[PDB]
Protein chains: 4
Amino acid sequence: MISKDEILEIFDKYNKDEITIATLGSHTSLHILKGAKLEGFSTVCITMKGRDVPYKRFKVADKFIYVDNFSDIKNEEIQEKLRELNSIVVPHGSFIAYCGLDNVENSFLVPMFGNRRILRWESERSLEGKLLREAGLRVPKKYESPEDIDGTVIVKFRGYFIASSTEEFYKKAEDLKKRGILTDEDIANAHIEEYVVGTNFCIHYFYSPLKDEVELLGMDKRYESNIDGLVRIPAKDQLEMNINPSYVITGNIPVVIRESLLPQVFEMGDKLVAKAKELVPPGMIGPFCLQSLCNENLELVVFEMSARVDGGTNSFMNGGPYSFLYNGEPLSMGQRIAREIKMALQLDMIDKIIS
Amino acid sequence: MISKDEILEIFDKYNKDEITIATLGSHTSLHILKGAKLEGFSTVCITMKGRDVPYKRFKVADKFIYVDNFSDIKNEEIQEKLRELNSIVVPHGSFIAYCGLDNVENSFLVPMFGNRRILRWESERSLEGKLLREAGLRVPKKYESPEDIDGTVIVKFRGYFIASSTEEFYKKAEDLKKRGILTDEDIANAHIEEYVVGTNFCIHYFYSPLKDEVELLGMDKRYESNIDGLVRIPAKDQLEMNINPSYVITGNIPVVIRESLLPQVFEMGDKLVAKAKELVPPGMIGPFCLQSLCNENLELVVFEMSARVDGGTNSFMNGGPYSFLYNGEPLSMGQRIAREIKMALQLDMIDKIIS
Amino acid sequence: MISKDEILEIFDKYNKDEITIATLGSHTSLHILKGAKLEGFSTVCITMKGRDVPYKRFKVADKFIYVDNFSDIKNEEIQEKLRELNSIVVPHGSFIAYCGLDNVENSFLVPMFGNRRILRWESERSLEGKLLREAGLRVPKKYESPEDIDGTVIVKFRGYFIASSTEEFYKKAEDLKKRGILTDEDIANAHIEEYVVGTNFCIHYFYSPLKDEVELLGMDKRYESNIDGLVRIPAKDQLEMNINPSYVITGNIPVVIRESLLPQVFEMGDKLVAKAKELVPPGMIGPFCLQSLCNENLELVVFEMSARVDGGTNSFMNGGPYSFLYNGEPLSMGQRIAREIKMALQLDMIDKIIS
Amino acid sequence: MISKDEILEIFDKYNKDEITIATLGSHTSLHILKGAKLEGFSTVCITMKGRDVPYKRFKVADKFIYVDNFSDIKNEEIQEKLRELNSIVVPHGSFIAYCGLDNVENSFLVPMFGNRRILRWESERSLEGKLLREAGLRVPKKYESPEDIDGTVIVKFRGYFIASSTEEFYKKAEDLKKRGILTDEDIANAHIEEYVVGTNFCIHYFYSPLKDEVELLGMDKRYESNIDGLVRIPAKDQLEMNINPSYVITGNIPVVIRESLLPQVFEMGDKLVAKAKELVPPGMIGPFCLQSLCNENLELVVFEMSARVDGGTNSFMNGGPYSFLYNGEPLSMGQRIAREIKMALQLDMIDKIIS
Ligand SMILES: Nc1ncnc2c1ncn2[C@@H]1O[C@H](COP(=O)(O)OP(=O)(O)OP(=O)(O)O)[C@@H](O)[C@H]1O
Ligand SMILES: Nc1ncnc2c1ncn2[C@@H]1O[C@H](COP(=O)(O)OP(=O)(O)OP(=O)(O)O)[C@@H](O)[C@H]1O
Ligand SMILES: Nc1ncnc2c1ncn2[C@@H]1O[C@H](COP(=O)(O)OP(=O)(O)OP(=O)(O)O)[C@@H](O)[C@H]1O
Ligand SMILES: Nc1ncnc2c1ncn2[C@@H]1O[C@H](COP(=O)(O)OP(=O)(O)OP(=O)(O)O)[C@@H](O)[C@H]1O
Ligand SMILES: NC(=O)c1ncn([C@@H]2O[C@H](COP(=O)(O)O)[C@@H](O)[C@H]2O)c1N
Ligand SMILES: NC(=O)c1ncn([C@@H]2O[C@H](COP(=O)(O)O)[C@@H](O)[C@H]2O)c1N
Ligand SMILES: NC(=O)c1ncn([C@@H]2O[C@H](COP(=O)(O)O)[C@@H](O)[C@H]2O)c1N
Ligand SMILES: NC(=O)c1ncn([C@@H]2O[C@H](COP(=O)(O)O)[C@@H](O)[C@H]2O)c1N
Ligand SMILES: [Cl-]
Ligand SMILES: [Cl-]
Ligand SMILES: [Cl-]
Ligand SMILES: [Cl-]
Ligand SMILES: [Cl-]
Ligand SMILES: [Cl-]
Ligand SMILES: [Cl-]
Ligand SMILES: [Cl-]
């Protein structure tokens with residue numbers, strides 16, 4: 001529901017000489033806040049007892065707004081403090097989750113960096129696939145039912161598993177059922193797709209509405225448990241174990257891509273952006289990520305995406321190989337966001353970046 | 001035996017205007033020496049013919065003290081040169097090994113950064129486990145004998161192996177016995193623990209006695225041979241080979257952790273420090289490392305630790321994502337050590353950091 | 001054929017106040033061009049429609065020379081523009097390929113950084129092995145025929161495979177034959193060598209002819225598809241699949257080596273350089289790479305090498321742990337090349353670095 | 001005559017990926033060119049034999065366009081090279097002089113940073129006084145004739161002199177007449193104004209059309225010959241000499257103003273800008289200077305001004321106290337100009353800054 005006018009008229013009552021940058025203390029906040037400080041902003045960090053130490057010891061937040069539980073950040077009391085501090089909120093994974101995507105779309109009355117409407121297209125598998133398909137991006141083949149399996153597939157609902165036949169699908173579904181890991185409701189709505197065999201590149205882009213340009217900021221590969229621990233056990237020992245893979249994100253490793261593939265990398269970003277303009281105006285604003293796998297034919301297949309900042313940007317908080325190229329600076333995604341905010345304020349174009 | 005008074009009174013006869021930083025040319029010396037230079041110190045590097053090139057070409061040492069063999073660094077001749085150069089020695093893995101931990105505790109009369117007594121708690125498995133257990137840190141389950149195996153275990157004595165049953169334990173012990181890799185004495189004192197299946201995070205902390213604060217400096221994951229080569233062979237081919245895994249440290253890869261896990265990361269550091277104060281006064285001084293595995297339940301299990309600088313700090317000699325956050329600088333662990341030395345000298349608190 | 005005199009006399013007609021650095025827009029050009037800009041050069045990038053975006057958005061090239069297809073860069077029309085721009089060309093993988101190594105040796109009349117003759121010793125397996133063998137570097141054992149297989153081997157011709165017996169060799173050769181991946185001509189000239197089981201370190205060196213010194217600039221490990229995707233599938237699932245490994249380079253991951261191994265690392269560089277002086281005068285000039293595997297005995301075995309810049313230097317475009325050590329700068333290989341060019345021009349020694 | 005459309009349509013045919021910055025090698029070019037390089041531009045310097053050394057040894061120009069004499073820079077041959085190089089010209093004192101202000105207004109068909117029309121308001125004393133008077137800025141009292149002198153005055157036409165009475169005016173005019181320094185035509189059109197007794201502050205501002213903001217970049221005091229040499233002779237010796245003062249600009253000395261006076265400094269800049277918008281649309285663009293004297297009542301009296309970059313910006317080529325404040329950078333006026341050009345190109349607003 002929340003209008004752009006409701007937001008612009010909230011920001012119009014802001015002290016334009018004291019604009020701060022706020023975010024919830026988690027996910028990617030460390031470089032969101034650091035980047036803001038480095039661009040000259042004073043920063044606000046929503047935190048809580050037990051989870052504030054990293055933000056205190058890294059000295060990255062000027063003002064703390066403590067909540068009883070991160071769920072409270074939707075409360076009207078918290079929205080007010082943020083408005084009185086002249087904060088533009090930078091949204092991220094943990095924030096959307098703890099606040100509630102519905103509360104974010106029509107209950108959170110605080111200016112927010114990015115395209116508020118498009119956060120819904122990252123939450124729903126159908127919208128995401130619609131976007132990527134319509135943008136013209138390679139994705140994994142989808143399988144309507146366990147009976148359609150004709151190759152290796154991954155099945156999504158942590159509770160993940162791999163299958164190479166219909167028979168195997170049920171053997172594993174059942175296994176996870178009796179072990180209490182999975183329930184009938186989950187396996188009823190199982191999502192089955194082609195297992196893509198390749199190298200992981202989570203590609204972090206930035207669309208600048210001020211420059212009308214898609215920029216490449218960096219890349220990481222996921223570090224997931226238990227899978228990355230499992231496959232580090234020799235085959236002979238794996239066969240002697242009764243262990244199922246899980247794919248819980250635990251961290252990130254820096255990576256760069258083969259340079260001849262950057263035209264493809266950029267084209268993918270350009271296409272996603274051009275289509276999202278049509279489907280969800282004004283489209284992508286700021287940080288977005290394509291989570292892909294590079295197959296042996298040097299084709300990037302995207303199995304996921306984000307419409308705001310992805311957690312993997314943490315791998316280059318001190319800048320990376322790509323982010324260096326622009327100005328030879330240790331540029332993080334967090335600082336790139338802050339800069340767009342800085343420039344927008346200076347050019348009187350806050351309306352191109354907030355909603 | 002070596003007293004703190006024996007050391008303070010050695011340092012009291014130092015030219016306080018010409019304090020240098022010394023270390024043995026190996027392990028982590030490159031950034032120990034670089035960091036020192038960057039903080040304004042002149043540096044001394046103990047080296048030898050055949051092993052001096054890296055320190056010469058990286059231009060990181062101002063004075064070289066050549067020895068016939070690194071074993072000589074315990075010699076009274078070498079301790080004298082170091083004392084005449086006004087050197088505070090920064091200890092590390094290779095230094096403690098080549099010098100001799102016993103020689104270090106009561107025969108090495110040179111001021112040393114860190115808590116000299118606590119180096120013994122990192123050498124002995126019982127002390128280490130006592131510390132970690134008492135600090136309240138998750139560790140792998142220990143197994144008293146091969147007959148207690150009820151899951152997958154790793155067995156330690158390079159000569160390592162994995163077992164999933166009592167039967168397998170002896171099959172493998174025997175295999176390694178007849179191949180000459182392992183002897184009856186080693187397998188008699190075998191250490192058997194739960195094989196933890198997860199992602200490796202070697203977490204490098206710094207406790208500042210001046211600030212009374214535990215800082216997070218960075219993280220690496222180990223790159224070990226042959227294991228990391230072995231598991232890169234496809235399963236079908238592994239099964240056709242007669243090859244045992246080994247876990248010889250060969251290098252390090254940078255990694256960052258999921259941000260929501262930093263409160264846990266920091267809490268672990270805080271607890272280790274608080275307990276080590278009680279058990280080995282004054283406790284941890286400067287660099288320490290928790291070598292952990294993150295399981296699918298997002299719990300960090302520490303299978304090892306160091307009470308001085310860990311080799312994995314080499315992964316961020318040009319700074320890392322975490323070390324950047326403090327001041328936006330390319331800060332290495334070596335430079336963080338040097339700075340504490342700098343600040344201690346300036347505040348007349350050399351007694352808080354040397355022994 | 002192309003003489004050093006033919007080249008020096010081409011450069012002698014250059015405007016020495018307007019020397020630019022040129023390269024083809026691919027492979028490693030991003031930091032070749034960035035490094036040049038950072039050293040004060042104006043830069044020329046050969047590019048084409050569809051592949052120019054990365055070089056435009058990273059703002060790394062001052063002048064673009066567009067070609068219809070990268071194959072045209074051999075054309076006399078293109079050599080002229082480069083000569084009129086006073087360009088010294090920095091050669092790399094994609095450039096030598098698209099231009100043609102034969103065209104490079106005697107048809108490309110443009111000054112070029114490096115030793116032009118030695119590019120042939122990197123293209124031919126016999127010359128390379130001669131060099132490495134004569135330099136005294138550990139290499140994988142070679143196998144004359146499938147009948148000599150007495151261990152695990154890798155077989156080279158993407159079309160690669162692993163074998164542990166003569167029987168397996170033919171089973172797999174045949175498999176790849178009927179699947180259309182491999183033809184009789186390829187398997188007739190198959191190269192069979194010892195499969196080395198260890199950790200990958202692609203070591204990037206720089207030989208400075210001005211300083212007569214081999215420098216260590218950085219290291220990466222390869223990120224290859226599908227192999228690195230394949231071995232991330234649990235063993236039980238791999239066995240259920242009919243999938244062959246491929247080793248297509250897709251990207252790079254940063255790594256550092258155990259510090260005690262740097263004397264070996266440096267010695268290897270020193271030896272390769274000393275022998276290449278004898279075998280191909282003046283020897284190595286500028287960037288060269290040893291692609292190695294570290295076995296459990298801590299011995300580096302080199303399975304490949306380059307005589308110019310290797311693609312893995314892309315992992316440290318913002319500098320790395322080793323490159324930092326010299327001057328505490330974010331130094332890339334591209335900038336190190338540019339600097340040697342800068343210094344050579346300033347000292348009137350362009351003849352030590354071009355040909 | 002030259003239209004904005006004539007210029008925009010010249011720039012519209014420019015290769016927008018290869019925009020360079022050009023200027024004549026004199027006046028303030030060193031930091032104009034340096035600043036451009038620092039912002040990523042390739043630079044063009046118009047120079048000539050005998051006057052090119054500073055630009056060559058400071059390594060500040062990528063391309064040289066040599067002319068026979070600086071007067072040639074109006075020639076259509078030179079305008080073409082500049083257009084083929086995609087140069088935006090940055091105008092300055094020596095350029096306007098050597099080219100010819102009339103040639104600049106309607107014969108110089110090359111895009112130019114700044115407001116082309118307003119260069120005429122800096123050349124004509126009546127326009128300048130109109131502007132400053134209408135802006136509401138304190139100026140020295142004007143005197144219509146030698147008979148109106150009722151205080152100390154300075155008389156302008158190098159050929160300058162000071163008078164405290166009508167009688168003295170003629171005594172000195174005559175003196176300079178018989179010495180050949182001055183001719184009847186000059187003294188016929190003599191400009192007589194109040195001698196202001198105070199401290200010199202040449203204040204360098206920058207109006208950003210993109211930000212709609214007047215910025216303070218720095219300040220210098222003039223170093224003039226022979227006057228600054230004359231007044232360094234003790235009074236007793238001056239009285240024994242037959243020497244007239246001259247005020248030939250020879251150099252600049254850095255100075256900062258009393259901080260409580262910055263509101264006045266800024267207000268003066270704001271007023272000049274607001275009025276110049278009305279009188280010469282779009283008004284001031286980029287660099288402008290108020291040359292003032294601070295009297296004992298702490299009032300700044302402006303005796304001169306420039307509508308483009310003033311020579312005194314040379315005093316802070318490595319940045320100054322004021323220019324540092326924005327981002328803690330060594331920011332020169334030349335780099336501030338280049339940045340506005342950079343930002344304009346990126347935001348597609350080249351029309352706000354060129355003409
Ligand atoms: N089509 C696929 N083929 C092969 N592996 C896949 C595929 N899809 C997902 N995976 C693996 O499962 C992991 C989790 O994928 P998922 O689709 O859950 O991403 P996500 O929802 O963005 O979760 P996260 O936020 O933790 O990245 C991926 O990182 C990848 O390793
Ligand atoms: N409990 C465990 N579960 C799973 N893997 C383990 C466990 N303990 C050790 N490993 C593996 O064995 C390797 C060597 O562990 P070890 O306990 O020998 O560490 P260390 O003595 O500190 O040796 P290094 O100094 O080389 O790190 C670890 O890096 C890890 O990969
Ligand atoms: N002797 C070997 N033992 C084990 N693995 C090997 C061996 N030789 C090659 N490999 C694996 O195959 C990959 C490709 O090796 P190859 O010899 O084709 O290198 P290359 O020709 O330099 O190709 P690229 O330019 O892509 O690195 C290596 O990166 C390595 O992972
Ligand atoms: N009204 C005044 N009162 C006192 N001194 C003055 C006055 N006007 C000028 N001067 C002195 O004469 C010098 C030259 O002033 P002038 O008006 O010629 O400046 P200009 O034309 O901008 O020359 P330049 O470009 O060399 O600064 C000034 O720097 C100042 O020292
Ligand atoms: N890549 C990362 O480091 C990362 N960190 C977090 N995330 C995603 O963000 C979500 C919220 O993070 P958290 O559960 O740590 O609060 C997680 O469910 C996960 O999908 C990531 N992908
Ligand atoms: N992680 C590392 O790079 C590392 N480098 C050395 N070490 C430890 O330090 C000890 C001494 O090192 P060295 O053997 O290279 O002299 C080794 O036995 C090993 O346990 C490490 N963990
Ligand atoms: N390591 C790399 O990133 C890399 N990038 C390219 N290359 C080599 O350079 C050759 C040419 O590269 P390209 O095919 O991207 O033009 C490739 O065949 C490959 O052997 C590499 N090794
Ligand atoms: N302040 C200076 O350094 C300065 N340098 C030059 N100028 C002005 O620029 C005019 C042109 O300079 P030049 O004569 O050096 O070519 C000079 O007549 C003088 O009025 C200055 N004010
Ligand atoms: Cl992102
Ligand atoms: Cl995320
Ligand atoms: Cl450590
Ligand atoms: Cl260690
Ligand atoms: Cl290289
Ligand atoms: Cl290569
Ligand atoms: Cl100015
Ligand atoms: Cl001037």
# chains A, B, ... in the order shown; residues from 1 in each chain; ligands from 1

call {"tool": "interface_residues", "arguments": {"of": "chain A", "to": "chain C", "cutoff": "9 Å", "atoms": "only C-alpha atoms", "output": "ChimeraX atom specification"}}
result
/A:151-152,162-164,196-201,213-216,227-228,230-232,234-236,238-239,244-245,253-264,266-267,293-298,319-330

call {"tool": "residues_around", "arguments": {"residues": "region 66-70 of chain A", "least_positions_apart": "4", "cutoff": "12 Å", "atoms": "only C-alpha atoms", "output": "count of residues only"}}
result
27

call {"tool": "residues_around", "arguments": {"residues": "region 112-123 of chain C", "least_positions_apart": "5", "cutoff": "7 Å", "atoms": "only C-alpha atoms", "output": "short mmCIF file (atom, residue, chain, number, x, y, z; two decimals) with N, CA, C and O atoms, in the first residue's frame"}}
result
data_model
loop_
_atom_site.label_atom_id
_atom_site.label_comp_id
_atom_site.auth_asym_id
_atom_site.auth_seq_id
_atom_site.Cartn_x
_atom_site.Cartn_y
_atom_site.Cartn_z
N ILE C 88 53.18 0.48 -26.58
CA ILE C 88 53.86 -0.77 -26.26
C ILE C 88 52.77 -1.77 -25.89
O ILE C 88 52.01 -1.54 -24.94
N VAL C 89 52.69 -2.87 -26.64
CA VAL C 89 51.67 -3.89 -26.39
C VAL C 89 52.07 -4.84 -25.27
O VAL C 89 53.20 -5.35 -25.24
N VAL C 90 51.15 -5.08 -24.34
CA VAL C 90 51.36 -6.09 -23.30
C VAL C 90 50.63 -7.37 -23.71
O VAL C 90 49.40 -7.39 -23.83
N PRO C 91 51.39 -8.44 -23.98
CA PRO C 91 50.80 -9.66 -24.50
C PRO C 91 50.16 -10.51 -23.40
O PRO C 91 50.59 -10.48 -22.24
N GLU C 105 55.10 -13.98 -33.87
CA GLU C 105 56.55 -14.16 -33.91
C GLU C 105 57.23 -13.44 -35.07
O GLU C 105 58.41 -13.11 -34.99
N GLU C 128 58.50 -26.69 -23.10
CA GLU C 128 58.15 -26.41 -21.72
C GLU C 128 58.77 -27.44 -20.77
O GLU C 128 59.41 -27.08 -19.77
N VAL C 280 66.78 -19.47 -23.99
CA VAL C 280 66.09 -18.50 -24.85
C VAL C 280 66.41 -17.05 -24.48
O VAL C 280 65.57 -16.37 -23.89
N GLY C 283 65.78 -14.56 -21.92
CA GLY C 283 65.10 -15.37 -20.92
C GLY C 283 63.70 -14.87 -20.62
O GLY C 283 63.00 -14.38 -21.51
N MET C 284 63.29 -14.99 -19.36
CA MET C 284 61.99 -14.50 -18.93
C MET C 284 62.04 -12.99 -18.77
O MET C 284 63.00 -12.45 -18.23
N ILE C 285 61.01 -12.31 -19.26
CA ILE C 285 60.93 -10.86 -19.08
C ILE C 285 59.56 -10.50 -18.52
O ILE C 285 58.54 -10.66 -19.19
N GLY C 286 59.54 -10.02 -17.28
CA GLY C 286 58.29 -9.63 -16.66
C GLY C 286 57.54 -10.79 -16.02
O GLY C 286 58.14 -11.61 -15.32
N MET C 305 53.04 -24.03 -16.96
CA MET C 305 53.68 -22.74 -16.79
C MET C 305 53.30 -21.79 -17.91
O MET C 305 52.83 -22.22 -18.97
N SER C 306 53.50 -20.50 -17.68
CA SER C 306 53.30 -19.47 -18.70
C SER C 306 54.54 -18.59 -18.75
O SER C 306 55.27 -18.47 -17.76
N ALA C 307 54.80 -17.99 -19.91
CA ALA C 307 55.99 -17.17 -20.09
C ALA C 307 55.59 -15.70 -20.17
O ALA C 307 56.43 -14.81 -20.31
N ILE C 353 63.44 -4.61 -22.03
CA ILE C 353 62.09 -5.08 -21.73
C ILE C 353 61.18 -5.24 -22.93
O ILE C 353 60.10 -5.82 -22.81
N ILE C 354 61.58 -4.73 -24.09
CA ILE C 354 60.73 -4.89 -25.27
C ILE C 354 61.42 -5.71 -26.36
O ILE C 354 62.64 -5.86 -26.37
N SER C 355 60.61 -6.26 -27.27
CA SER C 355 61.11 -7.07 -28.37
C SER C 355 59.97 -7.35 -29.33
O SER C 355 58.85 -6.89 -29.11
#

call {"tool": "select_by_dssp", "arguments": {"residues": "region 190-275 of chain A", "states": "strand (DSSP E or B)", "output": "PyMOL selection string"}}
result
chain A and resi 191-194+199-208+213-226+247-254+256-257

call {"tool": "write_last_selection", "arguments": {"atoms": "N, CA, C and O atoms", "output": "compact mmCIF listing (two decimals), in the first residue's frame"}}
result
# COMPACT_ATOMS: atom_id res chain seq x y z
N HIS A 191 9.81 -28.18 -4.55
CA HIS A 191 10.26 -27.59 -5.80
C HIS A 191 11.43 -28.39 -6.36
O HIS A 191 12.48 -28.50 -5.72
N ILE A 192 11.25 -28.94 -7.55
CA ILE A 192 12.23 -29.82 -8.16
C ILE A 192 12.83 -29.13 -9.37
O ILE A 192 12.09 -28.74 -10.28
N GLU A 193 14.15 -28.99 -9.40
CA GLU A 193 14.80 -28.41 -10.57
C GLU A 193 16.10 -29.11 -10.93
O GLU A 193 16.72 -29.79 -10.12
N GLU A 194 16.50 -28.93 -12.18
CA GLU A 194 17.75 -29.45 -12.69
C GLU A 194 18.91 -29.14 -11.75
O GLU A 194 19.12 -27.98 -11.37
N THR A 199 30.55 -24.13 -11.35
CA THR A 199 31.21 -23.29 -10.38
C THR A 199 30.29 -22.14 -9.94
O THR A 199 29.67 -21.49 -10.78
N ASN A 200 30.19 -21.93 -8.64
CA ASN A 200 29.35 -20.87 -8.08
C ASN A 200 29.96 -19.47 -8.17
O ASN A 200 31.08 -19.22 -7.71
N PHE A 201 29.20 -18.57 -8.78
CA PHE A 201 29.53 -17.15 -8.80
C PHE A 201 28.28 -16.40 -8.40
O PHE A 201 27.33 -16.34 -9.16
N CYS A 202 28.27 -15.87 -7.17
CA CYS A 202 27.24 -14.94 -6.76
C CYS A 202 27.71 -13.54 -7.14
O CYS A 202 28.65 -13.00 -6.56
N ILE A 203 27.07 -12.96 -8.15
CA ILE A 203 27.53 -11.72 -8.76
C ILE A 203 26.77 -10.52 -8.20
O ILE A 203 25.54 -10.44 -8.29
N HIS A 204 27.52 -9.59 -7.61
CA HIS A 204 26.90 -8.44 -6.97
C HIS A 204 26.96 -7.21 -7.88
O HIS A 204 28.03 -6.69 -8.19
N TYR A 205 25.79 -6.77 -8.32
CA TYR A 205 25.69 -5.61 -9.20
C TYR A 205 25.18 -4.39 -8.43
O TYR A 205 24.64 -4.52 -7.33
N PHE A 206 25.32 -3.22 -9.03
CA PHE A 206 24.69 -2.01 -8.52
C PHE A 206 24.11 -1.25 -9.70
O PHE A 206 24.84 -0.91 -10.63
N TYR A 207 22.79 -1.03 -9.69
CA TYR A 207 22.18 -0.15 -10.68
C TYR A 207 22.08 1.26 -10.10
O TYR A 207 21.43 1.49 -9.08
N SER A 208 22.74 2.20 -10.77
CA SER A 208 22.68 3.59 -10.37
C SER A 208 21.61 4.29 -11.20
O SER A 208 21.79 4.48 -12.39
N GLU A 213 23.04 3.17 -15.00
CA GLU A 213 24.13 2.26 -15.31
C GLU A 213 24.14 1.09 -14.35
O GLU A 213 23.89 1.25 -13.15
N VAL A 214 24.41 -0.10 -14.90
CA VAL A 214 24.60 -1.31 -14.09
C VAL A 214 26.09 -1.49 -13.87
O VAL A 214 26.86 -1.57 -14.82
N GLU A 215 26.51 -1.55 -12.61
CA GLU A 215 27.93 -1.69 -12.30
C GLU A 215 28.19 -3.05 -11.68
O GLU A 215 27.34 -3.57 -10.96
N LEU A 216 29.36 -3.62 -11.95
CA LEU A 216 29.80 -4.83 -11.27
C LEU A 216 30.70 -4.50 -10.08
O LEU A 216 31.78 -3.90 -10.23
N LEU A 217 30.26 -4.93 -8.90
CA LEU A 217 30.94 -4.59 -7.65
C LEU A 217 31.81 -5.72 -7.10
O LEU A 217 32.85 -5.46 -6.49
N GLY A 218 31.40 -6.96 -7.32
CA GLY A 218 32.16 -8.10 -6.83
C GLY A 218 31.45 -9.43 -6.92
O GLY A 218 30.33 -9.52 -7.45
N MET A 219 32.09 -10.48 -6.40
CA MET A 219 31.58 -11.84 -6.51
C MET A 219 32.08 -12.68 -5.35
O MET A 219 33.22 -12.49 -4.90
N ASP A 220 31.25 -13.61 -4.91
CA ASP A 220 31.66 -14.61 -3.92
C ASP A 220 31.13 -15.98 -4.32
O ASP A 220 30.24 -16.11 -5.17
N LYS A 221 31.70 -17.02 -3.71
CA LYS A 221 31.10 -18.34 -3.77
C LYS A 221 30.67 -18.71 -2.36
O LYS A 221 31.33 -18.35 -1.39
N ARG A 222 29.54 -19.40 -2.26
CA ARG A 222 28.96 -19.73 -0.96
C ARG A 222 29.80 -20.76 -0.24
O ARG A 222 30.46 -21.59 -0.87
N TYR A 223 29.75 -20.71 1.09
CA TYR A 223 30.42 -21.67 1.96
C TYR A 223 29.30 -22.19 2.84
O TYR A 223 28.86 -21.52 3.78
N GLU A 224 28.83 -23.40 2.52
CA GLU A 224 27.60 -23.94 3.10
C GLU A 224 27.85 -25.21 3.94
O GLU A 224 28.73 -26.00 3.63
N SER A 225 27.09 -25.35 5.02
CA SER A 225 27.19 -26.51 5.91
C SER A 225 25.85 -27.27 5.88
O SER A 225 24.80 -26.65 5.97
N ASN A 226 25.88 -28.60 5.81
CA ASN A 226 27.10 -29.38 5.99
C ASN A 226 27.79 -29.73 4.68
O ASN A 226 28.88 -30.29 4.67
N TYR A 247 22.39 -27.42 3.12
CA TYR A 247 22.95 -26.29 2.39
C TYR A 247 22.73 -24.97 3.15
O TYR A 247 22.30 -23.98 2.57
N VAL A 248 23.03 -24.99 4.44
CA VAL A 248 22.87 -23.82 5.29
C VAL A 248 24.02 -22.83 5.06
O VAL A 248 25.19 -23.17 5.28
N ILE A 249 23.70 -21.61 4.63
CA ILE A 249 24.74 -20.59 4.40
C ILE A 249 25.50 -20.29 5.68
O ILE A 249 24.90 -19.92 6.70
N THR A 250 26.82 -20.45 5.64
CA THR A 250 27.64 -20.14 6.80
C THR A 250 28.71 -19.07 6.55
O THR A 250 29.29 -18.55 7.50
N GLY A 251 28.96 -18.75 5.29
CA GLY A 251 30.04 -17.82 4.97
C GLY A 251 30.30 -17.72 3.49
O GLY A 251 29.60 -18.35 2.69
N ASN A 252 31.31 -16.94 3.13
CA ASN A 252 31.58 -16.65 1.73
C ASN A 252 33.08 -16.61 1.45
O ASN A 252 33.88 -16.26 2.31
N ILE A 253 33.44 -16.95 0.23
CA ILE A 253 34.82 -17.00 -0.20
C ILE A 253 34.89 -16.11 -1.44
O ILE A 253 33.98 -16.14 -2.27
N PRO A 254 35.94 -15.28 -1.54
CA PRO A 254 36.11 -14.43 -2.72
C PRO A 254 36.49 -15.24 -3.96
O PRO A 254 37.17 -16.25 -3.85
N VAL A 256 37.00 -14.56 -8.55
CA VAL A 256 36.88 -13.72 -9.72
C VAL A 256 36.56 -14.63 -10.88
O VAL A 256 36.90 -15.81 -10.85
N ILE A 257 35.91 -14.10 -11.90
CA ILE A 257 35.53 -14.90 -13.05
C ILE A 257 36.55 -14.73 -14.17
O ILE A 257 37.30 -13.76 -14.20

call {"tool": "atom_distance", "arguments": {"atom1": "atom 14 (O, counted along the ligand's line) of ligand 5", "atom2": "CA of residue 93 (chain A)"}}
result
7.6 Å

call {"tool": "closest_residue", "arguments": {"among": "D:154, D:272, D:22, D:289", "to": "ligand 16", "atoms": "only C-alpha atoms and all ligand atoms"}}
result
D:289
